[PDB]
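Engineer: There's a structure below that I have some questions on.
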Amino acid sequence: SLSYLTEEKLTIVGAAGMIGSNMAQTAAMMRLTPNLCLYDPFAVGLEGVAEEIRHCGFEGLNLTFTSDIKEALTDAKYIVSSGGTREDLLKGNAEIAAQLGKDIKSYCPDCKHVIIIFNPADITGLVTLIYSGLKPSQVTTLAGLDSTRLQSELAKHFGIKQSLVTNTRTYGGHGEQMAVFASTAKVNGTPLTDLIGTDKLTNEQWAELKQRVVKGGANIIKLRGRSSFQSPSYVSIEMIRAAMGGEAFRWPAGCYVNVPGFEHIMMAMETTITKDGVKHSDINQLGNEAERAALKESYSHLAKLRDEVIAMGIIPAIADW
Amino acid sequence: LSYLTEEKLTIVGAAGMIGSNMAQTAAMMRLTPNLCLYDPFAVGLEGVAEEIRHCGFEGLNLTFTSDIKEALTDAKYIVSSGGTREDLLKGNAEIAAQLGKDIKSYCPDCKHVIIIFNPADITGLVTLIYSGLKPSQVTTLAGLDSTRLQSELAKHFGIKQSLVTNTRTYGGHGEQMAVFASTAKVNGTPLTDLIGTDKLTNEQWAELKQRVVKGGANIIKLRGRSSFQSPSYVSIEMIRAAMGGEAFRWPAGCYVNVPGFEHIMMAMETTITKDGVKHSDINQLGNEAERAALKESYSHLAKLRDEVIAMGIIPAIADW
């Protein structure tokens with residue numbers, strides 16, 4: 001085995017669930033830290049999860065579990081949370097995200113990085129950042145699944161090994177609000193934009209393929225009988241590994257953006273997460289002009305949702321940030 | 001790192017909670033790019049393959065299928081969680097026989113097979129017999145009783161789990177497990193010097209053992225379903241060892257046929273390597289009292305074996 005990447009405490013919030021439990025197993029396999037702490041309000045489900053992890057026999061693991069948030073966040077340096085009417089779910093998740101920020105502020109204001117994966121992640125991630133008191137470089141959201149699903153759907157269409165479709169990228173919002181930057185991708189060396197609208201990938205096939213990405217989460221539900229839990233788990237934990245100084249993470253992440261044309265928002269971006277946190281590349285040089293316009297469209301929907309949550313009084317007036 | 005091998009690994013029962021976790025673990029471990037997922041429930045299976053594809057494992061060449069011939073063709077490694085009491089026994093015995101027949105037809109050159117559906121002493125043995133393989137090529141998952149005993153002892157003493165060393169149960173599982181306490185140390189101190197003392201009383205040890213025996217029922221009470229992460233994780237650790245990665249030394253179920261313990265598959269002191277499974281000398285295992293406990297477990301396993309012979313599924317021992 002490799003040595004553990006760090007001794008600092010990693011806390012998983014939402015650990016009793018199908019996603020959080022898989023995260024626990026993934027973090028332990030990756031040997032990120034021996035000090036892995038599992039938090040969930042659901043104490044009985046949590047205990048069953050911890051018992052399962054203990055029975056894997058991970059060498060050197062110091063697993064802890066708790067339903068007390070102070071205990072869970074004390075000494076925490078990394079945190080990953082899956083602990084999540086339309087207005088009611090929106091408000092409900094924005095409120096749990098604010099409370100997570102306040103808790104980070106009270107119990108671990110020196111936290112290094114925090115990843116929020118519960119939806120709607122543009123709001124939850126931004127609310128957590130604001131209430132947590134952390135720098136923008138310290139908070140990201142899971143946003144890479146649109147890109148891995150695009151990669152998969154392209155590899156299936158072309159009947160080739162998935163890894164041969166390189167640099168597939170969506171930016172902005174997710175699902176219906178994703179912005180596909182096809183100019184970034186190659187299919188076994190050939191630019192995707194040379195293939196779209198040819199006999200090898202017709203206009204209509206491309207539309208249908210994009211729609212299978214948009215509906216990718218519904219499709220897992222229809223096939224598995226429950227929401228996806230292994231992919232969001234694994235990808236999120238690869239993200240926190242990068243933030244902890246491990247192997248770099250090679251897919252878009254959600255991060256804070258505030259530049260002319262895209263002000264005061266959290267969006268899926270071309271990011272790199274390292275021990276120094278997250279940074280994003282220059283939006284003005286992303287893709288081509290048409291793709292940037294699609295990104296602006298996605299931006300406009302995100303900005304409307306942000307303003308709803310300001311109106312609920314949860315996110316402060318932008319002028320007050 | 002680099003993939004451990006290019007040879008094909010097939011997971012049978014891949015649509016389930018255990019199988020799907022096995023798929024992710026095998027991909028994470030980079031055992032082989034050629035990971036093949038089989039299950040007769042094609043819709044459930046596709047959803048698992050989709051999740052795995054959406055993790056983005058570099059270089060993975062995932063396939064899935066509900067066709068046993070396609071799944072077993074070119075397979076060199078196989079892990080299966082593809083499973084009245086007499087009816088559950090027979091049904092599982094019959095699926096274990098069909099798996100053996102299938103291996104013999106489609107991949108008689110398979111290197112190693114791990115059977116994890118219960119009752120593993122019977123399923124493992126039936127698969128071995130029907131598969132045509134050597135005894136060094138078939139194992140069953142049998143280590144959770146040892147890891148549970150490690151965890152329960154560490155919880156007792158309030159120390160880090162890895163500091164409880166060399167905890168071992170042999171023989172059957174759960175109610176039929178045989179605890180070999182003489183093998184274990186608690187942070188350097190022989191377990192047998194702790195049992196019956198102030199630091200672990202007679203009654204606390206009885207209760208601790210029972211928490212191991214009922215470990216599976218406990219996970220069900222707590223999670224609301226049977227364990228799936230630990231059986232998956234430990235089993236793929238075993239196949240990694242068979243594929244030539246880090247050796248696997250928790251107990252595994254394997255074929256034993258020696259005086260006092262004839263014609264049976266039992267959890268043993270085993271090592272799995274690129275050369276398959278070997279077990280140590282039973283007569284040197286633990287002390288005389290513990291070997292007697294192990295003989296009791298053997299007696300129960302032998303009765304079960306003979307029931308499956310009487311069903312005409314396992315041939316007469318004289319015909320092996």
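Convention: chains lettered A, B, ... in structure tokens order; per-chain residue numbering from 1; ligands numbered from 1 as shown.
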Skip residue 212 of chain B itself and residues of its chain fewer than 4 positions away, then list as a count of residues only all residues within 7 Å of it, counting only C-alpha atoms.

Structural biologist: 4

Engineer: Can you check which residues of chain A have any atom within 7 Å of chain B? Use only C-alpha atoms and format it as an NGL selection string.

Structural biologist: :A and (44-45 or 47-49 or 52-57 or 59-60 or 62 or 145 or 148-149 or 152 or 161 or 163 or 220 or 223-224 or 228 or 230-231 or 234-235)

Engineer: For the selection just defined, write its residues with N, CA and C atoms to a file, as a PDB file, in the first residue's frame.

Structural biologist:
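New file selection-v6.pdb:
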ATOM      1  N   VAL A  44     -28.665   5.309  13.687  1.00  0.00           N
ATOM      2  CA  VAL A  44     -28.681   3.868  13.514  1.00  0.00           C
ATOM      3  C   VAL A  44     -28.099   3.468  12.146  1.00  0.00           C
ATOM      4  N   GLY A  45     -28.493   4.183  11.101  1.00  0.00           N
ATOM      5  CA  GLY A  45     -27.993   3.918   9.789  1.00  0.00           C
ATOM      6  C   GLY A  45     -26.514   4.163   9.777  1.00  0.00           C
ATOM      7  N   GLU A  47     -24.363   3.896  12.259  1.00  0.00           N
ATOM      8  CA  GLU A  47     -23.646   2.820  12.919  1.00  0.00           C
ATOM      9  C   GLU A  47     -23.459   1.611  12.000  1.00  0.00           C
ATOM     10  N   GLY A  48     -24.451   1.316  11.160  1.00  0.00           N
ATOM     11  CA  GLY A  48     -24.355   0.145  10.291  1.00  0.00           C
ATOM     12  C   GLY A  48     -23.278   0.387   9.250  1.00  0.00           C
ATOM     13  N   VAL A  49     -23.184   1.640   8.806  1.00  0.00           N
ATOM     14  CA  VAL A  49     -22.159   2.001   7.841  1.00  0.00           C
ATOM     15  C   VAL A  49     -20.780   1.826   8.460  1.00  0.00           C
ATOM     16  N   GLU A  52     -19.711  -1.760   8.765  1.00  0.00           N
ATOM     17  CA  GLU A  52     -19.258  -2.284   7.467  1.00  0.00           C
ATOM     18  C   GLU A  52     -17.814  -1.847   7.134  1.00  0.00           C
ATOM     19  N   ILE A  53     -17.493  -0.577   7.352  1.00  0.00           N
ATOM     20  CA  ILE A  53     -16.145  -0.096   7.056  1.00  0.00           C
ATOM     21  C   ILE A  53     -15.121  -0.800   7.933  1.00  0.00           C
ATOM     22  N   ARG A  54     -15.436  -0.890   9.221  1.00  0.00           N
ATOM     23  CA  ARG A  54     -14.564  -1.597  10.140  1.00  0.00           C
ATOM     24  C   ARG A  54     -14.292  -3.054   9.703  1.00  0.00           C
ATOM     25  N   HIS A  55     -15.304  -3.725   9.201  1.00  0.00           N
ATOM     26  CA  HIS A  55     -15.172  -5.114   8.778  1.00  0.00           C
ATOM     27  C   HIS A  55     -14.408  -5.315   7.449  1.00  0.00           C
ATOM     28  N   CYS A  56     -14.104  -4.222   6.737  1.00  0.00           N
ATOM     29  CA  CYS A  56     -13.233  -4.317   5.544  1.00  0.00           C
ATOM     30  C   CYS A  56     -11.795  -4.560   5.956  1.00  0.00           C
ATOM     31  N   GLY A  57     -11.461  -4.128   7.168  1.00  0.00           N
ATOM     32  CA  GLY A  57     -10.086  -4.276   7.705  1.00  0.00           C
ATOM     33  C   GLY A  57      -9.070  -3.371   7.040  1.00  0.00           C
ATOM     34  N   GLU A  59      -6.038  -1.204   6.846  1.00  0.00           N
ATOM     35  CA  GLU A  59      -4.824  -1.111   7.685  1.00  0.00           C
ATOM     36  C   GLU A  59      -4.565   0.331   8.165  1.00  0.00           C
ATOM     37  N   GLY A  60      -4.490   0.530   9.481  1.00  0.00           N
ATOM     38  CA  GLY A  60      -4.170   1.866  10.048  1.00  0.00           C
ATOM     39  C   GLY A  60      -5.307   2.881  10.107  1.00  0.00           C
ATOM     40  N   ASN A  62      -8.247   4.976  11.435  1.00  0.00           N
ATOM     41  CA  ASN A  62      -8.807   5.391  12.731  1.00  0.00           C
ATOM     42  C   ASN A  62     -10.240   5.925  12.511  1.00  0.00           C
ATOM     43  N   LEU A 145     -19.915  15.000 -13.505  1.00  0.00           N
ATOM     44  CA  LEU A 145     -20.713  13.876 -14.053  1.00  0.00           C
ATOM     45  C   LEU A 145     -21.289  14.180 -15.424  1.00  0.00           C
ATOM     46  N   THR A 148     -18.360  13.191 -17.686  1.00  0.00           N
ATOM     47  CA  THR A 148     -18.056  11.743 -17.783  1.00  0.00           C
ATOM     48  C   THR A 148     -19.197  11.052 -18.505  1.00  0.00           C
ATOM     49  N   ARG A 149     -20.404  11.564 -18.327  1.00  0.00           N
ATOM     50  CA  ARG A 149     -21.540  10.974 -19.024  1.00  0.00           C
ATOM     51  C   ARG A 149     -21.421  11.322 -20.523  1.00  0.00           C
ATOM     52  N   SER A 152     -18.889   8.928 -21.868  1.00  0.00           N
ATOM     53  CA  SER A 152     -19.457   7.598 -22.015  1.00  0.00           C
ATOM     54  C   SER A 152     -20.400   7.473 -23.225  1.00  0.00           C
ATOM     55  N   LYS A 161     -13.426   2.177 -26.927  1.00  0.00           N
ATOM     56  CA  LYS A 161     -13.109   2.249 -25.504  1.00  0.00           C
ATOM     57  C   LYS A 161     -13.254   3.692 -24.935  1.00  0.00           C
ATOM     58  N   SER A 163     -12.004   5.718 -22.707  1.00  0.00           N
ATOM     59  CA  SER A 163     -10.843   6.593 -22.472  1.00  0.00           C
ATOM     60  C   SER A 163     -10.322   7.206 -23.753  1.00  0.00           C
ATOM     61  N   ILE A 220     -30.309   6.426 -14.739  1.00  0.00           N
ATOM     62  CA  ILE A 220     -29.818   5.536 -13.662  1.00  0.00           C
ATOM     63  C   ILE A 220     -31.007   5.112 -12.770  1.00  0.00           C
ATOM     64  N   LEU A 223     -33.010   2.491 -14.346  1.00  0.00           N
ATOM     65  CA  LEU A 223     -32.339   1.197 -14.514  1.00  0.00           C
ATOM     66  C   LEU A 223     -31.983   0.531 -13.177  1.00  0.00           C
ATOM     67  N   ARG A 224     -31.499   1.325 -12.208  1.00  0.00           N
ATOM     68  CA  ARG A 224     -31.116   0.806 -10.905  1.00  0.00           C
ATOM     69  C   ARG A 224     -32.224   0.795  -9.909  1.00  0.00           C
ATOM     70  N   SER A 228     -28.294   7.551  -8.679  1.00  0.00           N
ATOM     71  CA  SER A 228     -26.877   7.196  -8.725  1.00  0.00           C
ATOM     72  C   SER A 228     -26.210   7.411  -7.358  1.00  0.00           C
ATOM     73  N   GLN A 230     -22.802   5.481  -6.711  1.00  0.00           N
ATOM     74  CA  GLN A 230     -21.403   5.124  -6.818  1.00  0.00           C
ATOM     75  C   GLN A 230     -20.618   6.183  -7.604  1.00  0.00           C
ATOM     76  N   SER A 231     -21.171   6.678  -8.720  1.00  0.00           N
ATOM     77  CA  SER A 231     -20.379   7.679  -9.459  1.00  0.00           C
ATOM     78  C   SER A 231     -20.223   9.043  -8.747  1.00  0.00           C
ATOM     79  N   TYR A 234     -17.576   8.335  -5.958  1.00  0.00           N
ATOM     80  CA  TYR A 234     -16.200   8.174  -6.389  1.00  0.00           C
ATOM     81  C   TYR A 234     -15.609   9.516  -6.900  1.00  0.00           C
ATOM     82  N   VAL A 235     -16.375  10.243  -7.704  1.00  0.00           N
ATOM     83  CA  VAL A 235     -15.826  11.464  -8.342  1.00  0.00           C
ATOM     84  C   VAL A 235     -15.538  12.565  -7.281  1.00  0.00           C
TER      85      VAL A 235
END

Engineer: Write out as a VMD selection string which residues come within 6 Å of residue 254 of chain B when counting only C-alpha atoms, dropping same-chain ones fewer than 5 positions away.

Structural biologist: chain B and resid 139 265 to 266

Engineer: Restricting the output to C-alpha atoms, write the selected residues as a PDB file, in the first residue's frame.

Structural biologist:
ATOM      1  CA  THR B 139     -11.889 -20.222  -2.710  1.00  0.00           C
ATOM      2  CA  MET B 265     -14.294 -26.974   2.160  1.00  0.00           C
ATOM      3  CA  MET B 266     -13.550 -24.998   5.344  1.00  0.00           C
TER       4      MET B 266
END

Engineer: Could you jot down the atom CA of residue 138 of chain B to atom CA of residue 113 of chain B separation for me, Å, one decimal place?

Structural biologist: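 So the two atoms, atom CA of residue 138 of chain B and atom CA of residue 113 of chain B, lie 4.9 Å apart.
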
Engineer: Given the choices B:31, B:97, B:7, B:107, which gets closest to residue 68 of chain B if the distance is worked out from only C-alpha atoms?

Structural biologist: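 Looking at the shortest contact to residue 68 of chain B, the residue is B:107.
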
Engineer: Can you tell me, as a PyMOL selection string, what residues are no more than 9 Å from residue 102 of chain B when counting only C-alpha atoms, ignoring any on the same chain fewer than 6 positions away?

Structural biologist: chain B and resi 68-69+72+108+130-131

Engineer: Based on the selection just made, write N, CA, C and O atoms of those residues as a compact mmCIF listing (two decimals), in the first residue's frame.

Structural biologist:
# COMPACT_ATOMS: atom_id res chain seq x y z
N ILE B 68 -24.18 -15.95 -20.36
CA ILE B 68 -23.10 -16.60 -19.63
C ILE B 68 -21.91 -16.96 -20.52
O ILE B 68 -20.75 -16.84 -20.11
N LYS B 69 -22.17 -17.40 -21.75
CA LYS B 69 -21.08 -17.77 -22.64
C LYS B 69 -20.20 -16.57 -22.96
O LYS B 69 -18.99 -16.69 -22.99
N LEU B 72 -18.17 -15.68 -19.68
CA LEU B 72 -17.11 -16.60 -19.30
C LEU B 72 -16.04 -16.82 -20.38
O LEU B 72 -14.90 -17.24 -20.08
N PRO B 108 -12.53 -23.56 -19.23
CA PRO B 108 -11.90 -24.60 -18.43
C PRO B 108 -10.48 -24.22 -18.07
O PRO B 108 -9.94 -24.78 -17.15
N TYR B 130 -17.78 -29.40 -9.95
CA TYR B 130 -18.36 -29.34 -11.29
C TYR B 130 -17.47 -28.61 -12.29
O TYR B 130 -17.56 -28.84 -13.49
N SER B 131 -16.58 -27.74 -11.80
CA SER B 131 -15.78 -26.90 -12.68
C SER B 131 -14.64 -27.64 -13.36
O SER B 131 -14.08 -27.14 -14.32

Engineer: Would you please extract all strand (DSSP E or B) residues from segment 85-288 of chain B, as assigned by DSSP on the backbone, and give them as a PyMOL selection string?

Structural biologist: chain B and resi 112-115+138-141+164-165+169-171+177-179+185-186+189-190+197+200+248+252-258+261-268+270-273+276-279

Engineer: Could you take the residues named above and write them with N, CA and C atoms, as a compact mmCIF listing (two decimals), in the first residue's frame?

Structural biologist:
# COMPACT_ATOMS: atom_id res chain seq x y z
N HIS B 112 -8.57 -18.78 -11.41
CA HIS B 112 -9.09 -18.75 -10.04
C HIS B 112 -10.53 -18.31 -9.99
N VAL B 113 -11.28 -18.95 -9.10
CA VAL B 113 -12.71 -18.66 -8.94
C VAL B 113 -13.02 -18.49 -7.46
N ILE B 114 -13.75 -17.43 -7.14
CA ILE B 114 -14.18 -17.18 -5.76
C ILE B 114 -15.70 -17.16 -5.69
N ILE B 115 -16.22 -17.95 -4.75
CA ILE B 115 -17.65 -18.13 -4.55
C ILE B 115 -18.01 -17.51 -3.24
N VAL B 138 -9.99 -22.66 -6.40
CA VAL B 138 -11.30 -22.22 -5.94
C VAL B 138 -11.26 -21.84 -4.46
N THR B 139 -11.80 -20.67 -4.11
CA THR B 139 -11.89 -20.22 -2.71
C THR B 139 -13.28 -19.67 -2.43
N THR B 140 -13.61 -19.51 -1.15
CA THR B 140 -14.80 -18.81 -0.79
C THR B 140 -14.46 -17.70 0.18
N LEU B 141 -15.33 -16.70 0.25
CA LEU B 141 -15.18 -15.60 1.19
C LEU B 141 -15.46 -16.16 2.56
N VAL B 164 -5.03 -4.78 17.07
CA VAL B 164 -5.47 -6.14 17.37
C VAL B 164 -5.01 -7.03 16.21
N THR B 165 -4.05 -7.90 16.48
CA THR B 165 -3.38 -8.58 15.40
C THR B 165 -3.74 -10.05 15.35
N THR B 169 -10.86 -16.89 12.97
CA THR B 169 -11.85 -17.95 13.13
C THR B 169 -11.68 -18.92 11.93
N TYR B 170 -11.82 -20.20 12.22
CA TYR B 170 -11.71 -21.21 11.19
C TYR B 170 -12.98 -22.08 11.19
N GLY B 171 -13.07 -23.00 10.23
CA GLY B 171 -14.24 -23.91 10.12
C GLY B 171 -15.45 -23.38 9.35
N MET B 177 -18.69 -21.06 13.47
CA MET B 177 -17.30 -20.61 13.42
C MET B 177 -16.60 -21.19 14.62
N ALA B 178 -15.30 -21.44 14.45
CA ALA B 178 -14.42 -21.85 15.54
C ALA B 178 -13.37 -20.79 15.82
N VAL B 179 -13.57 -20.07 16.92
CA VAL B 179 -12.61 -19.01 17.31
C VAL B 179 -11.29 -19.56 17.86
N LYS B 185 -3.23 -11.18 19.24
CA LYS B 185 -2.63 -10.24 20.21
C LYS B 185 -3.37 -8.91 20.23
N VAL B 186 -3.49 -8.33 21.42
CA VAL B 186 -4.14 -7.03 21.57
C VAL B 186 -3.05 -6.02 21.89
N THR B 189 -0.09 -7.82 23.50
CA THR B 189 -0.49 -8.76 24.57
C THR B 189 -1.37 -9.91 24.07
N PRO B 190 -0.90 -11.15 24.24
CA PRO B 190 -1.66 -12.35 23.85
C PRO B 190 -3.11 -12.28 24.32
N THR B 197 -9.77 -12.12 32.62
CA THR B 197 -9.24 -11.11 33.54
C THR B 197 -10.17 -9.91 33.66
N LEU B 200 -11.11 -8.15 30.44
CA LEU B 200 -12.08 -8.81 29.54
C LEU B 200 -12.59 -10.06 30.24
N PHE B 248 -3.16 -12.31 0.05
CA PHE B 248 -4.29 -12.27 0.93
C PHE B 248 -4.11 -13.33 2.02
N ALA B 252 -9.57 -17.85 4.25
CA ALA B 252 -10.45 -18.06 3.11
C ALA B 252 -10.89 -19.51 3.15
N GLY B 253 -12.07 -19.76 2.59
CA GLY B 253 -12.59 -21.13 2.49
C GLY B 253 -11.83 -21.83 1.38
N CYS B 254 -11.40 -23.06 1.65
CA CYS B 254 -10.65 -23.81 0.65
C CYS B 254 -10.82 -25.31 0.89
N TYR B 255 -10.51 -26.11 -0.12
CA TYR B 255 -10.73 -27.55 -0.03
C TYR B 255 -9.69 -28.15 0.92
N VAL B 256 -10.16 -29.00 1.82
CA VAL B 256 -9.31 -29.71 2.80
C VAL B 256 -9.68 -31.19 2.73
N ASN B 257 -8.69 -32.06 2.71
CA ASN B 257 -8.99 -33.50 2.77
C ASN B 257 -7.85 -34.21 3.46
N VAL B 258 -7.88 -34.22 4.79
CA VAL B 258 -6.81 -34.85 5.53
C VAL B 258 -7.44 -35.64 6.66
N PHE B 261 -10.33 -34.49 8.96
CA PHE B 261 -11.09 -33.44 8.26
C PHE B 261 -11.14 -33.78 6.76
N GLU B 262 -11.88 -34.83 6.43
CA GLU B 262 -11.84 -35.38 5.09
C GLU B 262 -12.86 -34.71 4.17
N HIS B 263 -12.49 -34.54 2.91
CA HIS B 263 -13.47 -34.19 1.83
C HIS B 263 -14.42 -33.05 2.14
N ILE B 264 -13.86 -31.86 2.36
CA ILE B 264 -14.67 -30.73 2.82
C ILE B 264 -14.06 -29.41 2.37
N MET B 265 -14.85 -28.33 2.40
CA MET B 265 -14.29 -26.97 2.16
C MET B 265 -14.52 -26.27 3.47
N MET B 266 -13.48 -25.64 4.02
CA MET B 266 -13.55 -25.00 5.34
C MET B 266 -12.75 -23.72 5.32
N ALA B 267 -13.12 -22.77 6.18
CA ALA B 267 -12.27 -21.61 6.39
C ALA B 267 -11.00 -22.10 7.08
N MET B 268 -9.84 -21.73 6.55
CA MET B 268 -8.54 -22.23 6.99
C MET B 268 -7.48 -21.15 7.05
N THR B 270 -4.91 -19.72 5.30
CA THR B 270 -4.69 -19.88 3.89
C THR B 270 -3.84 -18.70 3.51
N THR B 271 -3.10 -18.86 2.42
CA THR B 271 -2.54 -17.72 1.70
C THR B 271 -2.96 -17.87 0.25
N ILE B 272 -3.47 -16.80 -0.34
CA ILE B 272 -3.73 -16.77 -1.75
C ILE B 272 -2.64 -15.96 -2.47
N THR B 273 -2.06 -16.56 -3.50
CA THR B 273 -1.00 -15.92 -4.32
C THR B 273 -1.31 -16.15 -5.80
N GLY B 276 -2.55 -19.53 -6.55
CA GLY B 276 -3.81 -20.02 -5.97
C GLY B 276 -3.75 -20.14 -4.45
N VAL B 277 -4.60 -21.01 -3.89
CA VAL B 277 -4.73 -21.08 -2.41
C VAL B 277 -3.94 -22.28 -1.86
N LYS B 278 -3.25 -22.07 -0.75
CA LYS B 278 -2.65 -23.15 0.01
C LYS B 278 -3.09 -22.95 1.46
N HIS B 279 -3.29 -24.04 2.19
CA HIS B 279 -3.55 -23.93 3.64
C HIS B 279 -2.45 -24.57 4.45

Engineer: Taking only C-alpha atoms into account, name the residue in A:306, A:280, A:186, A:105 that is nearest to residue 137 of chain A.

Structural biologist: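 Closest residue, counting only C-alpha atoms: A:280.
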
Engineer: Hey, can you check how far atom CA of residue 17 of chain A sits from atom CA of residue 46 of chain A?

Structural biologist: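 Separating atom CA of residue 17 of chain A from atom CA of residue 46 of chain A is a distance of 8.0 Å.
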
Engineer: Can you tell me which residues surround segment 202-217 of chain A at a distance of at most 6 Å, considering only C-alpha atoms, apart from same-chain residues fewer than 2 positions away, and format the answer as a list in words?

Structural biologist: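 Once the adjacent positions are removed, what remains is residues 149, 150, 175, 176, 197, 198, 199, 219 and 220 of chain A.
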
Engineer: Using only C-alpha atoms, which of the listed residues (A:114, A:311, A:257, A:123) sits closest to residue 273 of chain A?

Structural biologist: A:114

Engineer: Give me the residues within 10 Å of residue 78 of chain B as a PyMOL selection string, counting only C-alpha atoms and dropping any in the same chain fewer than 2 places off.

Structural biologist: chain B and resi 8-12+36+71-72+75-76+80+103+110-115+138+239

Engineer: Save out the residues we just selected, N, CA, C and O atoms, as a tab-separated table (two decimals), in the first residue's frame.

Structural biologist:
chain	number	residue	atom	x	y	z
B	8	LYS	N	-8.88	-11.27	-18.50
B	8	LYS	CA	-10.26	-10.93	-18.20
B	8	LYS	C	-10.69	-11.39	-16.80
B	8	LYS	O	-10.36	-12.52	-16.36
B	9	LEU	N	-11.38	-10.48	-16.10
B	9	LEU	CA	-11.99	-10.74	-14.81
B	9	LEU	C	-13.51	-10.58	-14.98
B	9	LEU	O	-14.00	-9.54	-15.44
B	10	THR	N	-14.26	-11.62	-14.64
B	10	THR	CA	-15.70	-11.57	-14.70
B	10	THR	C	-16.37	-11.61	-13.34
B	10	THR	O	-16.12	-12.51	-12.53
B	11	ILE	N	-17.24	-10.64	-13.11
B	11	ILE	CA	-18.03	-10.61	-11.87
B	11	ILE	C	-19.38	-11.18	-12.18
B	11	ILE	O	-20.06	-10.67	-13.06
B	12	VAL	N	-19.75	-12.26	-11.50
B	12	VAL	CA	-21.10	-12.83	-11.66
B	12	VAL	C	-21.96	-12.28	-10.52
B	12	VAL	O	-21.49	-12.21	-9.38
B	36	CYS	N	-15.52	-7.64	-16.79
B	36	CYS	CA	-16.75	-8.01	-17.44
B	36	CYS	C	-17.80	-8.26	-16.38
B	36	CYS	O	-17.54	-9.00	-15.43
B	71	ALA	N	-19.84	-13.87	-21.17
B	71	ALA	CA	-19.19	-13.47	-19.90
B	71	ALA	C	-18.01	-14.37	-19.53
B	71	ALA	O	-16.99	-13.88	-19.04
B	72	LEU	N	-18.17	-15.68	-19.68
B	72	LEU	CA	-17.11	-16.60	-19.30
B	72	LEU	C	-16.04	-16.82	-20.38
B	72	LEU	O	-14.90	-17.24	-20.08
B	75	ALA	N	-12.58	-15.60	-19.85
B	75	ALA	CA	-12.44	-15.29	-18.40
B	75	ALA	C	-11.28	-16.06	-17.83
B	75	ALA	O	-11.17	-17.27	-18.03
B	76	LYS	N	-10.39	-15.38	-17.11
B	76	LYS	CA	-9.35	-16.09	-16.35
B	76	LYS	C	-9.55	-16.02	-14.85
B	76	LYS	O	-8.88	-16.74	-14.10
B	80	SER	N	-18.04	-14.71	-7.93
B	80	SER	CA	-19.53	-14.78	-7.98
B	80	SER	C	-20.23	-14.47	-6.68
B	80	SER	O	-20.01	-15.14	-5.67
B	103	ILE	N	-18.23	-23.04	-16.31
B	103	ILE	CA	-16.81	-22.78	-16.30
B	103	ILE	C	-16.19	-23.90	-17.12
B	103	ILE	O	-15.25	-23.66	-17.90
B	110	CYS	N	-9.59	-21.25	-16.85
B	110	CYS	CA	-9.71	-20.21	-15.81
B	110	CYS	C	-8.63	-20.41	-14.76
B	110	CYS	O	-8.28	-21.54	-14.44
B	111	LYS	N	-8.08	-19.33	-14.19
B	111	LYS	CA	-7.05	-19.48	-13.20
B	111	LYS	C	-7.56	-19.58	-11.76
B	111	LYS	O	-7.02	-20.37	-10.98
B	112	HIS	N	-8.57	-18.78	-11.41
B	112	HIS	CA	-9.09	-18.75	-10.04
B	112	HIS	C	-10.53	-18.31	-9.99
B	112	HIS	O	-10.96	-17.42	-10.74
B	113	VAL	N	-11.28	-18.95	-9.10
B	113	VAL	CA	-12.71	-18.66	-8.94
B	113	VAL	C	-13.02	-18.49	-7.46
B	113	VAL	O	-12.61	-19.31	-6.63
B	114	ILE	N	-13.75	-17.43	-7.14
B	114	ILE	CA	-14.18	-17.18	-5.76
B	114	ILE	C	-15.70	-17.16	-5.69
B	114	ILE	O	-16.40	-16.44	-6.46
B	115	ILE	N	-16.22	-17.95	-4.75
B	115	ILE	CA	-17.65	-18.13	-4.55
B	115	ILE	C	-18.01	-17.51	-3.24
B	115	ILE	O	-17.35	-17.79	-2.20
B	138	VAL	N	-9.99	-22.66	-6.40
B	138	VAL	CA	-11.30	-22.22	-5.94
B	138	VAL	C	-11.26	-21.84	-4.46
B	138	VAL	O	-10.70	-22.58	-3.65
B	239	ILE	N	-9.34	-11.77	-4.98
B	239	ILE	CA	-9.07	-12.02	-6.40
B	239	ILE	C	-7.81	-11.23	-6.81
B	239	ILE	O	-7.02	-11.70	-7.63

Engineer: Which neighbours of residue 110 of chain A fall inside 9 Å, counting only C-alpha atoms, when residues of the same chain fewer than 4 positions from it are skipped, and could you give them as number ranges by chain?

Structural biologist: A: 75-77, 104-105, 134
